[PDB]
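Provided below as structure tokens are two forms of one protein chain, presented individually as structure 1 and structure 2.
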Structure 1
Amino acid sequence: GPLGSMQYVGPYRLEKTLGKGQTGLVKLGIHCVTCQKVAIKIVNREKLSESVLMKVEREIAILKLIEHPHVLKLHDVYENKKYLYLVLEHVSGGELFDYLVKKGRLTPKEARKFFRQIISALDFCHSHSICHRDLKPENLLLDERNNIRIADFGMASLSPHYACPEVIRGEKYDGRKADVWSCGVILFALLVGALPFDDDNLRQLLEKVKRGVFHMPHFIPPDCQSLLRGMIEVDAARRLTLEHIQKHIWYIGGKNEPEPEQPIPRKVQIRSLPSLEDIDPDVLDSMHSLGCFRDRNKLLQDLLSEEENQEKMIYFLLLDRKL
């Protein structure tokens, strides 16, 4: 691990490095009492903007509170002055394309099993105001039963083949729409065994993606083809929403096929806060203590505003947790 990074994080002793990249270093953690395996992601906190840290600490608080069978579970977070430590579900089946490579290309039935896992996880996270924004194959981890866990939700604040044109142009984009594009590209790869946009040269690849023209092989069924074209759509306004996707017959036709699907976790019911009076004193207090919410008045404003936001989401998650 990095120099000066503790040998223990909470009850977890740090063992070998599992992997690393720009968003941090991952080590295997062992619980000192129960000896359970976790993956611990270590993030350097000194090299982040304060606005970034705020956004991150917010998404983190949400992710710690929710659970989905196809989202890598964030169990806890630990902080010292320099390093942030994320305690994550430990999975070791590899990544989704390892499976794809072995098969060459997947049948529409198998591709769709994976697609339903991915869409379900995205729908869930989007419902809690969390977009991925950087969805790519290495984020699609496999457990031992060959089921997906999507990793790295909320890490974006800290590749071009899977990015939508608006991301490639560094424009200000809808996160949900970016995830839809990325999922389209991944669905394509599952069905074809090749990418819709590829080039030996970077500069050329970027233009292909921005242009958004790709060829679909005949062996992709027409129902599925109409789904792919709606997702891999350059006009973000015209691009399918997750709502459109989940209403689509090809999608729906996959329910419990070939196998029964994991239990659907309950989504928290989020309501309006008409006035200061309707805010729970103990939940407000616990939120106010967090750090990213140290300014009580700005916290009150964000909770009472008409806008949907992560402040409201956290509040209702905590409220739900109390009951």
Structure 2
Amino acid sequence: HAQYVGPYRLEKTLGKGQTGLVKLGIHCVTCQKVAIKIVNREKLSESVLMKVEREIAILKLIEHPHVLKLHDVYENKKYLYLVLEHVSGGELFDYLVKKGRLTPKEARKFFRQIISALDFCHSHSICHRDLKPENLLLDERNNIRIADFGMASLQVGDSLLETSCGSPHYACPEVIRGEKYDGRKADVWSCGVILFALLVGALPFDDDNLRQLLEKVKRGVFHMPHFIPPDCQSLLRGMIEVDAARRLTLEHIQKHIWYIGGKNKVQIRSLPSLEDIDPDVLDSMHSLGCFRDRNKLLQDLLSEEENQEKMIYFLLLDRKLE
């Protein structure tokens, strides 16, 4: 007998185990397809869930050609149901398997699509924090759509007994060590590892022993295959750089000669008074669980610091101008 998530009828499983359970949903009136990621919420704390909702709130309001779109989130006592765009192209690395290794030009094409999505999400204060091949989906036209922005804290696991740790092959050392870190810097590192994989068909850091793999990651030493052109190599080394202070920023990546090749937005103002604050926008915001505290939201909009509260507000305000 048929299970539903709001209007979506649940059908087959598209993905299972690690990286979570995913089901095909079919809208019972429009017959449109969606992918529904099912996440057990029993062990997630409230503040974790509120922090995630705030980020998802932003994602629900922005759009990029290489970011998988989220339609909604449904909640009961045990599960979150994340209702996502459905794509039909499989995974980027399925492609890399068939080819063994990508052409530099072809690697540059997908690389630009990724950097552009990262830049867009970062400039809206959204980091990925756990960028992996599984997150790199392909659409109808073989364009990348990146899954799971804003969802690193959900810890979608294979096992109820085992906590999901993230994929260490693609993680920067500061994430491995459990340190405070800049999510932007972590995405850059992960993005360098993925690029290395596109070009080489193998990982920079790999080992049959998990402890040894972690050592290798922290160490940052890897073999650069000689066929990789020297400008491209310097870009990989600037991304896969252990010192987070010296690691390349996105702006420097986009200015890199290899990035360029050789062929040849919401505006955050400040709210001086509460009289300036839009009541309709305030009510939209207050409808979210992460904003039950009306006064705390006002404080967060009236303060000088840039925060996700302001990001949502202005995204909603501009959405209202139309």
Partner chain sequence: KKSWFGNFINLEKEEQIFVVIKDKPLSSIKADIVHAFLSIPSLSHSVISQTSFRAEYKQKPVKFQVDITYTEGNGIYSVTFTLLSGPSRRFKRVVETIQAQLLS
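Along the sequence of structure 1, residues get numbers from 1 upward. For the two forms, the rigid core is made up of the largest set of C-alpha atoms that agree within 1.5 Å on superposition.
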Handout entry: Between structure 1 and structure 2, the form solved in complex with its partner chain
Key = 2
Completion exercise
The residue to pick from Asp199, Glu95, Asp76, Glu166, given a Cα shift of 2 Å or more between the two structures after core fitting, is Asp76
Exercise for the section: With both forms fitted on the core, give yes or no for whether the Cα of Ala61 moves by 2 angstroms or more between the two structures. Expected result: no
Exercise for the section: Classify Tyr85 as shifted (yes) or not shifted (no) between the two structures, where shifted means its C-alpha moves by 2 Å or more with the rigid core superposed. Expected result: yes
Handout entry: Core-aligned C-alpha movement of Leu276 between the two structures reaching 2 Å
Key = yes
Practice task
Look at the Cα of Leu135 between the two structures with the rigid core superposed and state its shift in Å.
Solution key: 0.3
Practice task
Give the C-alpha shift of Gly291 between the two structures, in Å, after superposing the two forms on their rigid core.
Solution key: 2.6
